[PDB]
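Here you get one chain, nothing else, as structure tokens; it is the form deposited in one PDB entry.
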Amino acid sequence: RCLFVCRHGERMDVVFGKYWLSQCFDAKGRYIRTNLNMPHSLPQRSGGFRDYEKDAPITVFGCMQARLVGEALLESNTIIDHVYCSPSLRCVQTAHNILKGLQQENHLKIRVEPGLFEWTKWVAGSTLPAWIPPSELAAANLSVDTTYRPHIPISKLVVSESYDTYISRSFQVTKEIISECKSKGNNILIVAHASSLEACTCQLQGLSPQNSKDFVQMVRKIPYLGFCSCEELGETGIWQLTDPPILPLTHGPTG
């Protein structure tokens, strides 16, 4: 029926900088917040807090951005039946807070899908980031499904992949996600990255894939929690872009 793709919320490493860990972790590794936009606590990572370097969480206003989207979906009576998300912490946290706003934290389990991760050229680093596994996510108070079997596993991701690769696996996973939810529920929410909003949806329309230049141009346009929607053309296998069921979310900075 309907596919909703949206981008994650505000990130710590963007608002507070590349050296943000020095602003919230002391010598002994204790978390000490220095700003009201930093969350009261952060999950423990199986490996230490330097794993946050490559996999930063969302800010307190990131949680709000997500929650308002959640609440907006509830106010418009848009029922989400399954939620998928990228393995990035920021994406999981965004997905979780959308559910809080949806009043469905204790009825839906988020399906962490590595195939939804962004184009690996934009990794700020040499290797893939250490992601927090589903089991360890659930224990950090994020509503994930430890049962879920990913269509693309972590090992299948090529470090520093190419445009054609990324676009291809984006299409496969979306197609796969669309298949395994046909029998169960009407609407599907993907919570992922700016790139995901374009790559995952381009062929869904039946329109030819735009080249990498016109794709970067399209990706820089998407805001935090930027939210798009696709409707199924009867049962034709092509989906067209609909007007989203909620209003857009715009705000400035502190100044």
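Shifts are known only where both forms have a C-alpha. If you superpose the two forms and keep the largest set of C-alpha atoms that fall within 1.5 Å, you have the rigid core. Don't overthink the numbering: it's just position in the shown sequence, from 1.
Per the records, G234 is among the residues left out by at least a third of the other compared entries, whereas the shown structure includes it. In this entry, 140-148 has the higher mean Cα B-factor, the comparison being between 90-98 and 140-148. Of the two stretches examined, 56-64 and 184-192, the record assigns the greater average C-alpha temperature factor to 184-192. The entry assigns its greatest Cα B factor, within the set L116, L73, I154, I110, to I154. Between the residues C24, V15, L247, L241, it is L241 that shows the highest Cα B-factor in the PDB record. Split the chain's modelled residues into thirds by C-alpha temperature factor. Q210 is in the highest one.
The entry lists a Cα temperature factor for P39 that places it in the lowest third of the chain's modelled residues. Per-chain ranking of the deposited C-alpha B factor places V69 in the lowest third. Sort the chain's modelled residues by C-alpha temperature factor and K28 lands in the middle third, per the entry. Ranked by C-alpha B-factor against the other modelled residues of its chain, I80 falls in the middle third.
Another form, the form deposited with a small molecule bound, is not on view; read the next lines as being about it.
Note on the interface: of 116-124, 136-144, 71-79, 179-187, the segment with non-hydrogen atoms within 4.5 angstroms of the small molecule in the bound PDB entry is 116-124. Of the residues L241, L247, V14, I238, just one reaches the small molecule in the bound PDB entry with a heavy atom at 4.5 Å or closer; this is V14. Shown without its partner, this chain lists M38, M64, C230, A194 as candidates; in the bound PDB entry, only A194 has a non-hydrogen atom within 4.5 angstroms of the small molecule. Proximity of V60 to the small molecule in the bound PDB entry: non-hydrogen atoms within 4.5 Å are absent; the residue sits far from the partner.
Not displayed here, the small molecule is kept clear of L207 by more than 4.5 Å at the level of heavy atoms in the bound PDB entry.
In the bound PDB entry, at least one heavy atom of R220 sits within 4.5 Å of the small molecule. Once the core is superposed between the shown form and the other one, every option in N106, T147, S126, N77 stays below 2 Å in C-alpha shift except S126. In sequence order, 124-126 is the sole run of at least 3 residues present in both forms whose Cα atoms shift by 2 Å or more between the shown form and the other one once the core is superposed.
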